[PDB]
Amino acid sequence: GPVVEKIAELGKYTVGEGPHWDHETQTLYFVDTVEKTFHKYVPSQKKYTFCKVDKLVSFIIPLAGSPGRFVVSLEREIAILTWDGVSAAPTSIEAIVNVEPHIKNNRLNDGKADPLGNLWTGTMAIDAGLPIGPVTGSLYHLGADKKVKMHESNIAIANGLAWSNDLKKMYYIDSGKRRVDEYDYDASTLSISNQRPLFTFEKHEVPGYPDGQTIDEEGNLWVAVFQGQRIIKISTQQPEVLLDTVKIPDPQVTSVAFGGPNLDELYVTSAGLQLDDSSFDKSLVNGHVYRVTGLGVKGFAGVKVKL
């Protein structure tokens, strides 16, 4: 019986997203895509701060070796944000690369560093829709040479990413496909190949859409289910195996990250934005942040981007 706790200190988010646990400073970072804000929460000291920008944002990841600098998305730009962690505006922003300069109605969505510190992230139409909408996105990684390489195309809603502990596989979610895919991942060349479905929602009566994901020390995936009011735990040893379900009060669960001193607390973001064709009445759709404990598994600290 896991225990799910609403973090009252944090309030309500329109689309809370992109949780990142920095273990060295025991700090959780996350974003609100639609409200154009970055957020910082220090649980041990009950400290909460935010930063405002004027572009759509989708991730915030500390830069390796540079305290107070972060790699972030600003619409289609990957940028370095210099932020003191407390002032409401950044100190400076420096663009690294625009991934799609000539696709004006796209944006970056989910992004994460692979275990080697390479940033992987995908794009999507700003007006992407569920269950059907424009399909214009692609999946990229950024090299330490500041050039992007494309790995996948025809993505509707570029979402959660994770890598196996032995660095042989990569897991990926296009929410439009309502499944989690697995790929063979070559750490030497950074190539992915042999795409196959790992877990298909329709085969297991799972409502909603997969969104963010993370992996634990046992190699199982924890997947946020947007419009499913839950997180699910799924096997990576065998396809199509649902291991557990944990209900979250907010229906629009968006993403997940392990954190806390012992890396055994699961932080969970959600979205209060009410969409058309929701399966839930508006009084239920709030956008709180949750902490889940007693899962009996640990995960890994967030990886910094090397760049």
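Only the largest set of C-alpha atoms that superpose within 1.5 Å between the two forms is called the rigid core. When you see a residue number, it is the position in the sequence shown, counting from 1.
Overlaying the structures in 8 other deposited structures of this protein on the rigid core, point out which of 144 to 152 and 130 to 138 has the bigger RMS C-alpha shift.
With the rigid core fitted, 144 to 152 is the stretch that strays more in 8 other deposited structures of this protein.
Would you determine, from the values in the PDB entry, which of 224 to 232 and 201 to 209 has the greater average C-alpha temperature factor?
Taking the mean B-factor of the alpha carbons in each, 201 to 209 is higher.
Should the higher mean CA B-factor in the entry be assigned to 244 to 252 or to 273 to 281?
Per the PDB record, 273 to 281.
Looking at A158, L161, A88, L167, which has the biggest Cα B factor in the entry?
The C-alpha B-factor peaks, among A158, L161, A88, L167, at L167.
If you compare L74, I80, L119, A187, which has the highest Cα B-factor in the entry?
That would be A187.
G176's Cα B-factor: lowest, middle or highest third of the chain?
Ranked within chain, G176 CA B lands in the middle tercile.
Classify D54 as lowest, middle or highest third according to the C-alpha B-factor given in the PDB entry, relative to its own chain.
Ranked within chain, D54 CA B lands in the lowest tercile.
Where does the C-alpha B-factor of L130 rank in its chain, lowest, middle or highest third?
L130: CA B-factor falls in the highest third of its chain.
Compare the C-alpha B factor of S44 with those of the other modelled residues in its chain, then answer lowest, middle or highest third.
Ranked within chain, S44 CA B lands in the middle tercile.
Where does the C-alpha B-factor of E217 rank in its chain, lowest, middle or highest third?
For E217, the deposited C-alpha B-factor lands in the highest third.
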